[PDB]
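Visitor: If you're matching positions, the sequence shown starts at 3 in the authors' numbering and goes up one per residue. For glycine and all other residues, C-beta sits at the position ideal for the given N, C-alpha and C.
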Amino acid sequence: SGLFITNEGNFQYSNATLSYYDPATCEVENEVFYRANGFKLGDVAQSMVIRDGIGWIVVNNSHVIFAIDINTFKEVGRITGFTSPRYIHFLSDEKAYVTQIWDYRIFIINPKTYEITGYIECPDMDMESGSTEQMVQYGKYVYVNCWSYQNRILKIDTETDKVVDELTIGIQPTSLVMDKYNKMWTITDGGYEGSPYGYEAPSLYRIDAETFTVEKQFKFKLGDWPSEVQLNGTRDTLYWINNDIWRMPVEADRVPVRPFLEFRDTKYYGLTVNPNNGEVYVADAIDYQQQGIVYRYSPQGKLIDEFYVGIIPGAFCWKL
Ligand code: NA
Ligand code: NA
Ligand code: NA
Ligand code: NA
Ligand code: NA
Ligand code: NA
Ligand code: NA
Ligand code: NA
Ligand code: NA
């Protein structure tokens, strides 16, 4: 088994990289895409998904998704022409969605043929400030958060590839997961000081998937800049970043008083939970300039291992 770490590098400097970690040996290999291919990913490696032996790496500011063999790391294909891609969600072997920033459309692709095959137009959205981000599936529907300069979750009918509903919440929901009770969780970042769109106290929401209604809202503090909801494998413990790493049972009616991992005046930036053994990996960007570090914790918050990765490690992908 193994773990991929994407490193965004510094936006507009083309220093994104890919790392691979073997939890059995506690060994990391850095710059593995370069090592295998003899050229680099580009600018802002954002996310990665594995399906059927192929890893799909989204390079947000290089207009491309690379497909690699998960064992040799060699490029086996790519899809180009994306405005500014974010996340990939597969509906079948021949259809996936690829969300975008700076676009009002979600690209449809055929992963088998490496082609763009359609577009989904989002309502009340333009290229100048458009954003679609993470996706969860609920039956024939996909829910998607709209992050940058947006304040919505959209609901897409995957039969017709159409947006069929929307829910307005606090500004800039960052991320989206679905728990075992078919409740979605999203956490907003609250914008930023001087934003043209807004700056506010951010919130964590629990949203019923069936009825698309907010059930819980936990509001934090003005100045907080949270992100990155994540679930354990059984989808009953939620983790997120808000300075510290926090977690709580998805049945909770109150937020925790003690964090999983205390803030240490660095930059916790990426987060995953091993879906089989519950170990928690925290990617620390440190100061957004130096080489980042990943910290690996037991389910009880004891440090098992830590290892240097690339610059601004932001996402993980499990190879199971
Ligand atoms: Na980069
Ligand atoms: Na979009
Ligand atoms: Na935007
Ligand atoms: Na986006
Ligand atoms: Na907000
Ligand atoms: Na904020
Ligand atoms: Na800025
Ligand atoms: Na997530
Ligand atoms: Na990320």
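One question on the structure: do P258 and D246 come within less than 7 Å of each other, judged by their Cβ atoms?
Guide: no
Visitor: When you compare the CB positions of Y116 and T101, do they come within less than 7 Å of one another, or not?
Guide: no
Visitor: Check each candidate in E264, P228, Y283 and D267 and name the one with the smallest Cα separation from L273.
Guide: Looking at the Cα atoms, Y283 is the closest of the given residues.
Visitor: So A317 packs on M50, CB below 8 Å; how close in whole Å?
Guide: 6 Å
Visitor: Where the beta carbon is closer than 7 Å to any heavy atom of ligand 8, which residues qualify, in chain order?
Guide: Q136, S177, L178, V179, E230, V231 and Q232
Visitor: Which value, in whole angstroms, describes the spacing of the CA atoms of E77 and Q219?
Guide: 43 Å
Visitor: With distances taken between CB atoms, is the gap from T82 to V60 smaller than 7 Å?
Guide: no
Visitor: Report all residues from its chain with a CB closer than 7 Å to the CB of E10; omit the five preceding and five following residues, and keep chain order.
Guide: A18, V46, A47, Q48, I314 and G316
Visitor: So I295 and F309 are in contact, right, with Cβ under 8 Å, and what is the actual spacing, rounded?
Guide: 7 Å
Visitor: Helix or strand or just coil, what does DSSP make of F214?
Guide: coil
Visitor: Can you find the residues in the same chain that come closer than 7 Å, C-beta to C-beta, to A98, ignoring five residues on each side of it along the sequence?
Guide: The residues are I90, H91, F92, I111 and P113.
Visitor: For the candidate residues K321, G235, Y270 and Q291, whose alpha-carbon lies nearest to that of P301?
Guide: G235
Visitor: Whose CB is closer than 7 Å to a heavy atom of ligand 3? List the residues in chain order.
Guide: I103, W104, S131, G132, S133, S150, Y151 and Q152
Visitor: Is DSSP giving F222 helix, strand or coil here?
Guide: The answer is coil: DSSP assigns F222 none of H, G, I, E or B.
Visitor: Would a C-beta distance cut-off of 7 Å place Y207 and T176 closer than the cut-off?
Guide: no
Visitor: Given a cut-off of 7 Å on the beta-carbon distance, is the pair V165 and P125 in contact?
Guide: yes
Visitor: Taking the beta strand (DSSP E) that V231 belongs to, which residues open and close that run?
Guide: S229 to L233
Visitor: Which residues bound the beta strand (DSSP E) around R53?
Guide: Following the DSSP letters along the chain, one finds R53 inside the beta strand (DSSP E) bounded by residues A47 to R53.
Visitor: What does DSSP give as the partner residues of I306 in its beta bridges?
Guide: The partner list for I306 (beta bridge, DSSP) is empty, contrary to what the question assumes.
Visitor: Under three-state DSSP, which class holds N244?
Guide: strand
Visitor: In angstroms with no decimal places, state the Cα-to-Cα distance between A285 and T215.
Guide: 32 Å
Visitor: Cα-Cα, which of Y270, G225 and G200 is closest to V231?
Guide: Measuring from the Cα of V231, the nearest candidate turns out to be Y270.
Visitor: So if DSSP puts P251 in a beta bridge, which residue, or which two residues, is it bridged to?
Guide: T239
Visitor: Going residue by residue through the segment 9-97, where are the continuous beta strand (DSSP E) segments of at least 3 residues, counting only ones entirely within it?
Guide: 19-24, 29-31, 47-53, 56-61, 66-71, 77-82 and 87-94
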